[PDB]
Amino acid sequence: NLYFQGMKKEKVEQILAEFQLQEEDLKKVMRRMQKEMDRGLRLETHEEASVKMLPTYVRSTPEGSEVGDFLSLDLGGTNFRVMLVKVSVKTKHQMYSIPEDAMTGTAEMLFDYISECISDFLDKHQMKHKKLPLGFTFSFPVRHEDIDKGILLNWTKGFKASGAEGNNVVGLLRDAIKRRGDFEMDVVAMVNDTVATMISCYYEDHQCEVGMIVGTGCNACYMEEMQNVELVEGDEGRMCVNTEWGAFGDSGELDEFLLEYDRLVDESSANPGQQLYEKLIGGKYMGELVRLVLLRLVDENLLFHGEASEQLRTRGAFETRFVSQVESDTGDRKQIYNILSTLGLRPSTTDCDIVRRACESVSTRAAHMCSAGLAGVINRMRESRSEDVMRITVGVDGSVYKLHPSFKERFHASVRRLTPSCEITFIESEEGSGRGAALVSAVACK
C-alpha cells in the first residue's frame, strides 16, 4: 500500500523537520558564537566564557624552520599515532589502538601506554637511541603557558583518565617517558589538532590561518591579532587561538535549538552538560543521534513495524560511519539494507528511505551548525583585519568532513552564505595533525 507508505513518510517528515535550521537561525548561532569568542579573548570574561579561545603560543613568524628528523605524537582519538618526519617526508608512521583501560583509567596508565607505543615505533625503525625533537598533537583543551607547557583543562570526547586534569600535559608525557627509561625525547611543542592541521596546511599554503576538525570532535583554531589576545603579553603579530568551540552552548547559548535527541545524547555521554555544540556535530555523537531518531520513529510505529532490535537498542550501535554509508546509497537501497540487516532489522524499502532521511536530517544539521561556527570565526577575522574582502584558507581534517558524502558540500554552501565578502579556500589536510606537530617543532627548534 503506497498511500499508507506515503502517509508514514509524511509523518516522519514532520518529526524530522525539528532538525531544520533557517538561515536566520544560523545567523543567530553565528552571532552568539562571535559574542562568546569575544568573551573568551577578554581577561574580564575569559573565566566565564564557554568558548575559551585559548592562546596556543603558535605565532606568526618569519619563513623557515630547522631541518632533519622530528617525531610527532598524536593523541585525541582512540588511536594514538606516532610519526617520523624528515624536514618534508613522512618517513615513517605507526598507529596504535588505545586500550579501553588507558583512556578511562589513570593518566599514568594512559601515558605509560603512549610511552610504550613510542618505544615500539623507535624499535620498528631502529632509532631509539637518537634523541629527537618531539611535537605532541594533543586534541583536548589546554591552558598554555608556552608552546611546550600547558595544563589540561578537562578531557572531552569520552576521555576520563584520572590525574590529568589540571596538570602539565607535557610533564605527564615526560614523566611517563622517564618512568620507562628506554628512550629520550625533547618535547618542544604541544599543539591542538586544529592547530597542527592549520600548520600542516599553512606549510603548503601561507594563506591558511584557520584549522578546523570535524572528526570525533569538532573544533577550530585561527590566527588572532596579538592585540586581541588579552591573555598574552604583546600586541605585535598574530597568535593561533584554539577556540574550543565544542563547549559553545555549555552556558545555555544553544538551548532553543537543542532537541530531545540532543538531551539524550548529552545525558548518556562521559561529559554531561559539556561540549554541547560539539555534540551536535562530532562523529562521536552523530550516529547516536541518528539511532535515537530511529528509536523515536520506531516508537511512533513509523519504522521497522514498531519493533527495534537488540542492536538498534544498543548504545553506539548506529555508527557514524553508517550515517555516511547510508547517505552514500546510490538509490538501490542496498547499502542501507545491509547496515540495517546487520543491525538485526528486517527493513522494507520504505524503512530504508526513512533511515536515509533521518541520517540526512542529523548530518545536515551538523553541517549547518558547524557552518555558523566557522562563519563566526572568518567574519571575526575579516573585521579584525583591514579587510573589504578577506581571502583565507581553512585547513580541515576529521572523518566527518572527509568521509561523509555530503556534509562537506552542505557545510561549504552554508559557510559561503554566511560569509559574503569572504573568499574561503578549503584544504583537506593529509597527515595534518601528525605532520603539523613536527613542523611546529621544527619552527620552535629554530
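Between two forms, the rigid core is defined as the largest C-alpha subset superposing within 1.5 Å. Residue positions are given as counts along the sequence shown, with the first one as 1.
Rigid core superposition in 8 other deposited structures of this protein puts the Cα atoms of one stretch, out of 102 to 110 and 279 to 287, farther from the shown form on average, and that stretch is 102 to 110. Taken in 8 other deposited structures of this protein and fitted on the core, 126 to 134 and 208 to 216 differ in how far their Cα atoms move from the shown form, and the one that moves more is 126 to 134. Deposited sequence between residue 127 and residue 128: no residues lack coordinates (chain continuous). Between 271 to 279 and 174 to 182, it is 174 to 182 that carries the larger average Cα temperature factor according to the deposited entry. Here 116 to 124 and 314 to 322 are compared by their mean Cα B-factor, and 116 to 124 comes out higher. Per the deposited coordinates, the residue with the largest Cα temperature factor out of 356, 131, 365, 296 is 131. Between the residues 61, 419, 393, 56, it is 61 that shows the highest Cα B-factor in the PDB record. Among the modelled residues of the chain, residue 37 sits in the middle third by CA temperature factor in this PDB entry. Annotation for residue 400: C-alpha temperature factor in the lowest third relative to the rest of the modelled chain, per the entry. In the PDB entry, residue 246 places in the lowest third of its chain by CA B-factor. Ranked by C-alpha B-factor against the other modelled residues of its chain, residue 304 falls in the middle third. When the CA B factors of the chain's modelled residues are split into thirds, the value for residue 257 lands in the middle one.
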